[PDB]
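As stored in structure-v1.csv (CSV, N, CA and C atoms):
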chain,number,residue,atom,x,y,z
A,1,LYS,N,167.2,-1.5,-6.1
A,1,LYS,CA,168.0,-1.4,-7.3
A,1,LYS,C,168.1,0.1,-7.8
A,2,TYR,N,167.8,1.0,-6.9
A,2,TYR,CA,167.7,2.4,-7.4
A,2,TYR,C,168.4,3.4,-6.5
A,3,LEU,N,168.9,3.0,-5.3
A,3,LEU,CA,169.6,4.0,-4.5
A,3,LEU,C,171.0,4.3,-5.0
A,4,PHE,N,171.5,5.5,-4.7
A,4,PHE,CA,172.9,5.8,-4.9
A,4,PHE,C,173.7,5.1,-3.9
A,5,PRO,N,174.9,4.6,-4.3
A,5,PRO,CA,175.7,3.8,-3.3
A,5,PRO,C,176.3,4.7,-2.2
A,6,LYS,N,176.0,4.3,-1.0
A,6,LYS,CA,176.3,5.1,0.2
A,6,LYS,C,177.7,4.9,0.7
A,7,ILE,N,178.5,5.9,0.5
A,7,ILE,CA,179.9,5.8,1.1
A,7,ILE,C,179.8,6.4,2.6
A,8,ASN,N,180.7,6.0,3.4
A,8,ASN,CA,180.6,6.5,4.8
A,8,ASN,C,181.9,6.9,5.4
A,9,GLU,N,183.1,6.3,5.1
A,9,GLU,CA,184.3,6.7,5.7
A,9,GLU,C,185.5,6.7,4.7
A,10,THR,N,186.2,7.8,4.7
A,10,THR,CA,187.5,7.9,4.2
A,10,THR,C,188.4,8.2,5.4
A,11,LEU,N,189.7,7.9,5.3
A,11,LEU,CA,190.5,8.2,6.5
A,11,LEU,C,191.7,9.0,6.3
A,12,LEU,N,192.4,8.8,5.2
A,12,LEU,CA,193.8,9.3,5.0
A,12,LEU,C,194.7,8.8,6.1
A,13,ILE,N,195.1,7.5,6.0
A,13,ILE,CA,196.2,7.0,6.7
A,13,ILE,C,197.4,7.9,6.4
A,14,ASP,N,198.1,8.4,7.4
A,14,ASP,CA,199.2,9.2,7.2
A,14,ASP,C,200.1,9.2,8.5
A,15,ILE,N,201.4,9.0,8.2
A,15,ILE,CA,202.4,9.1,9.3
A,15,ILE,C,203.5,10.1,8.9
A,16,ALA,N,204.1,10.7,9.8
A,16,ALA,CA,205.3,11.5,9.5
A,16,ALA,C,206.5,10.7,9.4
A,17,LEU,N,207.6,11.3,9.0
A,17,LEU,CA,208.9,10.6,8.8
A,17,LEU,C,210.0,11.4,9.5
A,18,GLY,N,211.2,10.7,9.7
A,18,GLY,CA,212.2,11.3,10.4
A,18,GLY,C,213.5,11.5,9.6
A,19,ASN,N,214.6,11.8,10.4
A,19,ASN,CA,215.9,12.1,9.8
A,19,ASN,C,217.0,11.1,10.2
A,20,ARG,N,217.1,10.7,11.4
A,20,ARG,CA,218.1,10.0,12.2
A,20,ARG,C,219.5,10.8,12.1
A,21,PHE,N,219.4,12.1,11.7
A,21,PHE,CA,220.6,12.9,11.7
A,21,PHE,C,220.3,14.3,12.1
A,22,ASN,N,219.3,14.5,12.9
A,22,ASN,CA,218.9,15.9,13.2
A,22,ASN,C,219.7,16.5,14.4
A,23,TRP,N,220.6,15.7,15.0
A,23,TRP,CA,221.6,16.4,15.9
A,23,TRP,C,222.8,16.9,15.1
A,24,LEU,N,222.7,17.0,13.8
A,24,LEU,CA,223.7,17.7,13.0
A,24,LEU,C,223.1,19.0,12.5
A,25,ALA,N,222.0,19.5,13.1
A,25,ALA,CA,221.3,20.6,12.6
A,25,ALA,C,222.1,21.9,12.9
A,26,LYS,N,222.8,22.4,11.8
A,26,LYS,CA,223.5,23.6,11.9
A,26,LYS,C,222.9,24.6,10.9
A,27,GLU,N,222.5,25.7,11.4
A,27,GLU,CA,221.9,26.8,10.6
A,27,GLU,C,222.9,27.9,10.3
A,28,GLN,N,222.6,28.7,9.4
A,28,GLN,CA,223.5,29.7,8.9
A,28,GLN,C,222.7,30.9,8.3
A,29,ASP,N,223.4,31.9,7.7
A,29,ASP,CA,222.7,33.0,7.1
A,29,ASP,C,222.7,33.0,5.6
A,30,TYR,N,231.9,30.2,-1.3
A,30,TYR,CA,232.9,29.2,-0.9
A,30,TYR,C,233.2,29.4,0.6
A,31,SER,N,233.4,28.3,1.3
A,31,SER,CA,233.8,28.3,2.7
A,31,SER,C,234.9,27.3,2.9
A,32,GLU,N,235.9,27.6,3.8
A,32,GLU,CA,237.0,26.8,4.0
A,32,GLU,C,237.6,26.9,5.4
A,33,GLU,N,238.4,25.9,5.7
A,33,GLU,CA,239.1,26.0,7.0
A,33,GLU,C,240.4,25.2,6.9
A,34,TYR,N,241.2,25.3,8.0
A,34,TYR,CA,242.6,25.1,7.9
A,34,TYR,C,243.1,24.6,9.2
A,35,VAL,N,244.4,24.1,9.1
A,35,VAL,CA,245.0,23.5,10.3
A,35,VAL,C,246.5,23.7,10.1
A,36,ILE,N,247.2,23.5,11.2
A,36,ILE,CA,248.7,23.8,11.2
A,36,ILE,C,249.5,22.5,11.0
A,37,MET,N,250.5,22.5,10.2
A,37,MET,CA,251.4,21.4,10.1
A,37,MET,C,252.4,21.3,11.3
A,38,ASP,N,252.7,20.1,11.7
A,38,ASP,CA,253.6,19.9,12.9
A,38,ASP,C,255.0,20.4,12.7
A,39,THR,N,255.6,20.9,13.8
A,39,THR,CA,257.0,21.4,13.8
A,39,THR,C,257.7,20.7,15.0
A,40,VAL,N,258.4,19.6,14.7
A,40,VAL,CA,259.0,18.8,15.8
A,40,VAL,C,260.1,19.6,16.4
A,41,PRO,N,260.4,19.5,17.7
A,41,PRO,CA,261.5,20.2,18.3
A,41,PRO,C,262.9,19.8,17.8
A,42,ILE,N,263.9,20.4,18.4
A,42,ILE,CA,265.2,20.4,17.7
A,42,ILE,C,266.3,20.2,18.7
A,43,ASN,N,267.5,19.8,18.3
A,43,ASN,CA,268.6,19.6,19.1
A,43,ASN,C,269.4,20.9,19.2
A,44,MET,N,269.5,21.4,20.5
A,44,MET,CA,270.2,22.7,20.6
A,44,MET,C,271.7,22.5,20.6
A,45,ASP,N,272.2,22.4,19.4
A,45,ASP,CA,273.7,22.3,19.2
A,45,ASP,C,274.2,23.8,19.2
A,46,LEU,N,274.5,24.3,20.4
A,46,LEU,CA,274.7,25.7,20.6
A,46,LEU,C,276.1,26.2,20.0
A,47,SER,N,276.8,25.3,19.4
A,47,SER,CA,278.1,25.7,18.8
A,47,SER,C,278.0,26.6,17.6
B,1,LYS,N,191.4,10.5,-8.9
B,1,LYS,CA,190.8,9.4,-9.6
B,1,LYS,C,190.6,8.1,-8.7
B,2,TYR,N,191.0,8.2,-7.4
B,2,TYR,CA,191.2,7.0,-6.6
B,2,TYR,C,190.4,7.0,-5.3
B,3,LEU,N,189.3,7.8,-5.3
B,3,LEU,CA,188.5,7.9,-4.1
B,3,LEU,C,187.1,7.5,-4.3
B,4,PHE,N,186.4,7.0,-3.3
B,4,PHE,CA,185.1,6.6,-3.4
B,4,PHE,C,184.1,7.8,-3.4
B,5,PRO,N,183.1,7.7,-4.2
B,5,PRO,CA,182.1,8.9,-4.3
B,5,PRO,C,181.4,9.1,-3.0
B,6,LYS,N,181.6,10.2,-2.4
B,6,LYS,CA,180.9,10.5,-1.1
B,6,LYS,C,179.6,11.1,-1.4
B,7,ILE,N,178.5,10.5,-0.9
B,7,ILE,CA,177.2,11.2,-0.8
B,7,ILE,C,177.1,11.8,0.5
B,8,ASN,N,176.3,12.8,0.6
B,8,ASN,CA,176.2,13.6,1.8
B,8,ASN,C,174.9,13.5,2.6
B,9,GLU,N,173.8,13.4,1.9
B,9,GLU,CA,172.5,13.0,2.6
B,9,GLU,C,171.5,12.4,1.7
B,10,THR,N,170.5,11.9,2.3
B,10,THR,CA,169.3,11.5,1.6
B,10,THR,C,168.1,12.0,2.4
B,11,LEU,N,166.9,12.0,1.8
B,11,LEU,CA,165.8,12.8,2.3
B,11,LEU,C,164.6,12.1,2.7
B,12,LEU,N,164.1,11.2,2.0
B,12,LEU,CA,162.8,10.5,2.3
B,12,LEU,C,161.7,11.5,2.4
B,13,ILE,N,161.3,12.0,1.3
B,13,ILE,CA,160.1,12.9,1.4
B,13,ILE,C,158.9,12.0,1.4
B,14,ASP,N,157.9,12.4,2.3
B,14,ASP,CA,156.7,11.6,2.5
B,14,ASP,C,155.7,12.5,3.1
B,15,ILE,N,154.4,12.5,2.6
B,15,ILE,CA,153.3,13.2,3.1
B,15,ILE,C,152.2,12.2,3.3
B,16,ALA,N,151.5,12.2,4.5
B,16,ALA,CA,150.3,11.4,4.7
B,16,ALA,C,149.2,12.0,3.9
B,17,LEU,N,148.3,11.1,3.5
B,17,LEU,CA,147.2,11.4,2.6
B,17,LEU,C,145.8,11.1,3.3
B,18,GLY,N,144.8,11.9,3.1
B,18,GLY,CA,143.6,11.8,3.8
B,18,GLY,C,142.5,11.0,3.0
B,19,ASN,N,141.3,11.2,3.4
B,19,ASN,CA,140.2,10.3,3.0
B,19,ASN,C,139.0,11.1,2.5
B,20,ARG,N,138.8,12.3,3.1
B,20,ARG,CA,137.7,13.2,2.9
B,20,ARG,C,136.3,12.5,3.1
B,21,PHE,N,136.2,11.4,3.8
B,21,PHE,CA,134.9,10.8,4.1
B,21,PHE,C,134.9,10.2,5.5
B,22,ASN,N,135.8,10.6,6.4
B,22,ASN,CA,135.8,10.0,7.7
B,22,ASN,C,134.7,10.5,8.7
B,23,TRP,N,133.9,11.4,8.3
B,23,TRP,CA,132.7,11.6,9.1
B,23,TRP,C,131.5,10.7,8.7
B,24,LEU,N,131.8,9.8,7.7
B,24,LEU,CA,130.9,8.8,7.4
B,24,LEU,C,131.3,7.5,8.1
B,25,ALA,N,132.4,7.5,8.8
B,25,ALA,CA,132.9,6.3,9.4
B,25,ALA,C,132.1,5.7,10.6
B,26,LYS,N,131.0,5.1,10.3
B,26,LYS,CA,130.3,4.3,11.3
B,26,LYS,C,131.0,3.1,11.6
B,27,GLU,N,130.8,2.5,12.8
B,27,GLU,CA,131.6,1.4,13.3
B,27,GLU,C,130.7,0.3,13.7
B,28,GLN,N,131.0,-0.9,13.1
B,28,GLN,CA,130.3,-2.1,13.6
B,28,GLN,C,131.0,-2.8,14.7
B,29,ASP,N,130.5,-4.0,15.0
B,29,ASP,CA,131.2,-4.9,16.0
B,29,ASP,C,131.6,-6.2,15.3
B,30,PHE,N,131.4,-6.4,14.0
B,30,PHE,CA,131.8,-7.5,13.2
B,30,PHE,C,131.1,-8.8,13.8
B,31,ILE,N,129.8,-8.8,13.7
B,31,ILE,CA,129.0,-10.0,13.9
B,31,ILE,C,127.9,-10.0,12.9
B,32,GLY,N,127.5,-11.2,12.4
B,32,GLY,CA,126.5,-11.3,11.4
B,32,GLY,C,127.0,-10.9,10.0
B,33,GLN,N,126.3,-11.2,9.0
B,33,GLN,CA,126.7,-10.8,7.6
B,33,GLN,C,125.7,-10.2,6.8
B,34,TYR,N,124.4,-10.2,7.2
B,34,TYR,CA,123.4,-9.6,6.4
B,34,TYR,C,122.7,-8.4,7.1
B,35,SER,N,122.5,-7.3,6.4
B,35,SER,CA,121.7,-6.2,6.9
B,35,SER,C,120.6,-6.0,5.9
B,36,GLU,N,119.6,-5.2,6.3
B,36,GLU,CA,118.4,-5.1,5.5
B,36,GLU,C,117.7,-3.8,5.9
B,37,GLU,N,117.1,-3.2,4.9
B,37,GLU,CA,116.2,-2.1,5.2
B,37,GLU,C,115.0,-2.1,4.2
B,38,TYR,N,114.0,-1.3,4.6
B,38,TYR,CA,112.7,-1.5,3.9
B,38,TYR,C,111.8,-0.2,4.3
B,39,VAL,N,111.1,0.2,3.3
B,39,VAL,CA,110.1,1.3,3.5
B,39,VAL,C,108.7,0.7,3.1
B,40,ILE,N,107.7,1.5,3.3
B,40,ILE,CA,106.4,1.2,2.9
B,40,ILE,C,106.1,1.9,1.6
B,41,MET,N,105.5,1.2,0.7
B,41,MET,CA,105.0,1.9,-0.5
B,41,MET,C,103.9,2.9,-0.2
B,42,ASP,N,103.9,4.0,-0.9
B,42,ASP,CA,102.8,5.0,-0.8
B,42,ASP,C,101.5,4.4,-1.4
B,43,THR,N,100.4,4.8,-0.9
B,43,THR,CA,99.1,4.3,-1.3
B,43,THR,C,98.1,5.3,-1.2
B,44,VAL,N,97.7,5.9,-2.4
B,44,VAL,CA,96.8,7.1,-2.4
B,44,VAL,C,95.4,6.6,-2.1
B,45,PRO,N,94.6,7.5,-1.5
B,45,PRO,CA,93.2,7.1,-1.3
B,45,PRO,C,92.4,7.0,-2.5
B,46,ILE,N,91.1,6.6,-2.3
B,46,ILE,CA,90.2,6.4,-3.4
B,46,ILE,C,88.9,7.2,-3.1
B,47,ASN,N,88.2,7.5,-4.2
B,47,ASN,CA,86.8,7.9,-4.0
B,47,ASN,C,86.0,6.7,-3.7
B,48,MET,N,85.2,6.7,-2.6
B,48,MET,CA,84.4,5.6,-2.2
B,48,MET,C,83.0,5.6,-2.9
B,49,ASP,N,82.8,4.5,-3.7
B,49,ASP,CA,81.5,4.4,-4.5
B,49,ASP,C,80.7,3.3,-3.9
B,50,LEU,N,79.5,3.7,-3.3
B,50,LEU,CA,78.7,2.8,-2.6
B,50,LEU,C,78.0,1.7,-3.4
B,51,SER,N,78.2,1.7,-4.7
B,51,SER,CA,77.6,0.6,-5.5
B,51,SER,C,78.3,-0.7,-5.3

Show how you would write the structure in this file as structure tokens.
Amino acid sequence: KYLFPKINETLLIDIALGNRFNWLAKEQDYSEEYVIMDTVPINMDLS
Amino acid sequence: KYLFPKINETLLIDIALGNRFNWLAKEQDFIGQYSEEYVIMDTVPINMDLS
């Protein structure tokens, strides 16, 4: 009835976690970009 | 606030203790139950009177 209670193991259950998107990893150091509007060809009415 | 109290060691201090009389330790063989000893009383002489 007089001993201190003897602890013996802690563990820290731990797992890492993921992304499922890390093949989009683009590094760098407003930003914009652009595209061309279509120009369909034409009837050569040479008159 | 959520961990068990870890103790690290215990000691058990203990020292053996003597008797200071072990040169008196005579040894029997554990047979019989009575021992006995006896001396003779002293008896001084007398003057011898021939009457």

Chain A contacts to chain B at 10 Å (only C-alpha atoms) as a ChimeraX atom specification: /A:3-10

Distance of atom CA of residue A:1 from atom CA of residue B:14, expressed in Å to one decimal place: 19.8 Å

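As for atom CA of residue B:32 and atom C of residue B:18, they are spaced 28.7 Å apart.
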
Interatomic distance, atom CA of residue B:37 to atom C of residue B:25 (Å, one decimal): 18.5 Å
